[PDB]
Amino acid sequence: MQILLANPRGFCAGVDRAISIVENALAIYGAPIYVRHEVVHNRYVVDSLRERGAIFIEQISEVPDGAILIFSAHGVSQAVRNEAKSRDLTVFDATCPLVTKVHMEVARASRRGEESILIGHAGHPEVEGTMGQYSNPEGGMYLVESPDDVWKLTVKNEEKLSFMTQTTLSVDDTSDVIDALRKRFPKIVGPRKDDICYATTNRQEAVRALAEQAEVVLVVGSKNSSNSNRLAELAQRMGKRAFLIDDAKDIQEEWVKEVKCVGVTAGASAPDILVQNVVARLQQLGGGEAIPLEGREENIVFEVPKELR
Ligand SMILES: O=P(O)(O)OP(=O)(O)OCc1cccnc1
Ligand code: SF4
């Protein structure tokens, strides 16, 4: 059995920054450090940080007075940010710059009381945060997940309309939603393409190349990771068996019995150690040295705020 690694894979710049923010705050201020939502959607990272004294919470009322609070990489609504601001709390924001950029566009629309449509998945924290930057009752802020959702949407003034996307969507499915938005609302304004981040686009392109060669693909990432789910879904749609796994333990031997070529990737929130352990497990089940595919080079880094160095 040949083992191939997708390239790129694993940590992006927003995730490296956000985890560093929590680590550094723990180092500087000691436990506990409070964090709104899992800092990133990875059980191993979160379990780790919890064992070192991070406490993960969904509401600001769960955080005591005088504390340090960090917002997760997925971002937060204005109501949450203002709720935290009114309190004695010390707040650090681990929201990814690429999320923040979308937030600002939503807030601009809100100020203009002009309506905005977000493409994303209901209930995901990034979606809550992004919808959560719009407040003007005279405009509106609508969520669509599919072309059918677009086909049934009505808005108050379709002459003044803009769209935004979640950063971790399917590139291809999103393309279909946007095509529908433009057929329905010819005057709609957005970005050139979408708000899907470089890391999501690149990992999707890499798993496409991986799945052209592999019979079976293993995506390292947690169940509640949107971007990781998209990598598995992509592979499956190409006719390959794909499995989303937290770690090497989850590999069932039947999945790779008599498979000549197995591919491994990782979502943007999955640490490289988990991939290394996956490869070691595949080698036990009879695989050779892991071969990295040629891939697009990523060079973007996001620094921690200076107060957390
Ligand atoms: O569920 P997803 O959003 O894929 O979060 P995860 O933490 O798996 O990946 C990092 C991230 C954070 C913020 C925005 N987009 C991606
Ligand atoms: S996957 Fe994208 S938007 Fe999300 S933390 Fe990473 S770089 Fe930022």
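As a convention, Cβ positions derive from the backbone with ideal geometry for all residues, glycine included, and neighbour counts pool all protein chains shown. Readers should treat all values here as calculations from the given coordinates under stated rules, not as data from a laboratory.
Per-structure values
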item: Relative exposure of 3, 273, judged by other C-beta atoms within 10 Å (fewest first); result: 273, 3
item: Semi-axis lengths, Å, region 151-193, gyration tensor of Cα atoms, sqrt of 5 times eigenvalues; result: 19, 11, 9
item: Exposure proxy ranking, count of Cβ atoms within 10 Å, fewest first, for 103, 74; result: 103, 74
item: Segments 254-262, 7-15 sorted - mean Cβ within 10 Å per residue, highest first; result: 7-15, 254-262
item: Under 5 Å, built H, 5+ apart or other chain: amide partners of residue 165; result: 119, 195
item: Ordering of 24-34, 290-300, 230-240 by burial proxy (mean other Cβ atoms within 10 Å per residue, highest first); result: 230-240, 24-34, 290-300
item: Rounded FRET efficiency, nearest 0.05, which uses the C-beta distance separating residue 187 from residue 65 and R0 of 35 Å; result: 0.10
item: Among 24, 45, 174 - extreme Cα towards positive end, dipole of the chain, charges at beta-carbon; result: 174
item: Ranking of 275, 39, 220 by count of other Cβ atoms within 10 Å, fewest first; result: 275, 39, 220
item: Region 97-196 - percent relative contact order, Cα under 8 Å, separation 6 or more; result: 31
item: Net charge, residue 246 excluded, C-beta distance under 9 Å - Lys, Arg +1, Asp, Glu -1; result: +1
item: In nm, spacing of pseudo-spin labels at residue 156 and residue 88 (7 Å Cα→C-beta vector); result: 4.1
